[PDB]
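Every number here is computed from the coordinates shown, using simple stated rules; none is lab data. Cβ sites come from the backbone with ideal geometry, for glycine too, and all protein chains shown count toward neighbours.
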2 protein chains.
Amino acid sequence: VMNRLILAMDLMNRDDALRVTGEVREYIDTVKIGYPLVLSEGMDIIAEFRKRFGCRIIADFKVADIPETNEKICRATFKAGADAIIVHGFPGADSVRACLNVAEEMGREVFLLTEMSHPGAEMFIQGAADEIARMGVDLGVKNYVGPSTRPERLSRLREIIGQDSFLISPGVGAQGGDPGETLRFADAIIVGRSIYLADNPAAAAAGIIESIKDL
Amino acid sequence: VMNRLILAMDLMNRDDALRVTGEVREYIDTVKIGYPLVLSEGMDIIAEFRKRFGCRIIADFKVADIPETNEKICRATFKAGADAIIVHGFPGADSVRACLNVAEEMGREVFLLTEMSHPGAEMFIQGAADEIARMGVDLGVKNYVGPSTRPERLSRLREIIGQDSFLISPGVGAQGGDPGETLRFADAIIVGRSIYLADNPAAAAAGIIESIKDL
Ligand SMILES: Cc1cc(=O)[nH]c(=O)n1[C@@H]1O[C@H](COP(=O)(O)O)[C@@H](O)[C@H]1O
Ligand SMILES: Cc1cc(=O)[nH]c(=O)n1[C@@H]1O[C@H](COP(=O)(O)O)[C@@H](O)[C@H]1O
């Protein structure tokens, strides 16, 4: 990922989302698009962004259903042009395998979300996260998401998945995570509001990149 | 819910989804619409169904993000005309509260998914399910989802939530659950493929209702 920075584009208006993404395009080459934008503007927004910006698109859909439904969700998401999809591991191995099967059929990638970044993640997810990660390894998952807000947990996730696996990390900026510390363990950081709510998103992205190059 | 039966409309084509829903409308008055249909046909499908069929719509979006994103997802879903949304409890109390806050602002309902119906649910979700349910009670959740495939677990969920709470249950038919047994504990059953993949969906729905009235 260009500059190890992934934009979390969670504005809910097509015009604002296009404006911000265009302003920061030189600093990124991967955009994470989730349900706030998709449920407001339609799945066609994925192919529009892919074309206009020539970026890779990660669909952050936190897929968390039974295996049969997960297959349908993944098929629709890849048909819409997403390069990868984020999948929850908490629903278990069969649900993750269903997503892996569709990604294999369509030449795409799955990212497994193993521990979340918000405070509530401590209640149930944290205590399962190591086992969710190990499940990922045993299923052959190569791409993972873990939390910038808890770098000791990010270190433990990296320990389980090994150095060859790709690890991206949200919670930088707004949720309190630090870019440099997070990049001790993650390959790339995800940043949303610290960029897209800034008075000058390009200057915000540049500031982050400047602190990244210093590592 | 009319006849204690909720149609899980997970066909991915608007014409087929409209045909089946129209054929079974006399047997139901609540349609559950999820991401297979929404990500294939757009969020506008919710208002279309609500109008054409005069049904209640439950958006089965298994909301499972951080609190800030959950608020955006719920706002977009209610703006699209959904009467209620299904929310995962596994991400913790703050994530569930975010959904409850938006439902309160917009005069809608949250259904909390506490234990899932597929085999993988045994790995991580089952061991947290009682505590997820108790969390729901403490947050004031009044609507719950639990698994037809494990009626002993459905009984335990009913025990925690009490008789006044509303409980709906998927996994009937295709996944192996039984309508009558499930309705010992749930107020309503969700049925998808046993109806929408049948040669005659109306006859399939009628058959289920006939076995329900017998209780
Ligand atoms: C992928 C994900 C997992 C998670 O544990 N935490 C998280 O924030 N996310 C998403 O990353 C983005 C974080 O954005 P900011 O906090 O930087 O605004 C939002 O899209 C969240 O939904
Ligand atoms: C709500 C939900 C939770 C869950 O634990 N199990 C489940 O099947 N679902 C959904 O119910 C429906 C079950 O459909 P059939 O198995 O009856 O086809 C699908 O939409 C599933 O995504």
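Descriptive notes on the structure:
- Pseudo-label separations to other copies for A:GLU159 - Cα-to-Cβ vector, 7 Å, nm: 3.7
- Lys/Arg +1, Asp/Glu -1 at C-beta; chain B dipole; positive extreme among B:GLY34, B:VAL1, B:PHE61: B:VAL1
- Dipole magnitude (debye, nearest 20) for chain A, charges at Cβ of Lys, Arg, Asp, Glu: 280
- Kirkwood hydrodynamic radius of chain B, from inverse mean 1/r over distinct Cα pairs, in Å: 17.2
- Per-copy distances of the B:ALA202 label point, shortest first, in nm (7 angstrom along Cα→Cβ): 6.2
- Unit Cα scatterers, Debye sum, the protein assembly as shown: log10 I(q)/I(0) for q = 0.13 Å⁻¹: -1.11
- Dipole of the protein assembly as shown, positive direction: furthest Cα of A:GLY177, B:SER155, A:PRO151, with charges on the beta-carbon: A:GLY177
- For the protein assembly as shown, the Cβ-based charge dipole about the Cα centre amounts to some 460 debye (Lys, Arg positive; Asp, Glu negative; other atoms uncharged).
- Inter-copy spacing of A:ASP138 label points, which lie 7 Å from Cα along Cα→Cβ, given in nm from shortest upward: 3.1
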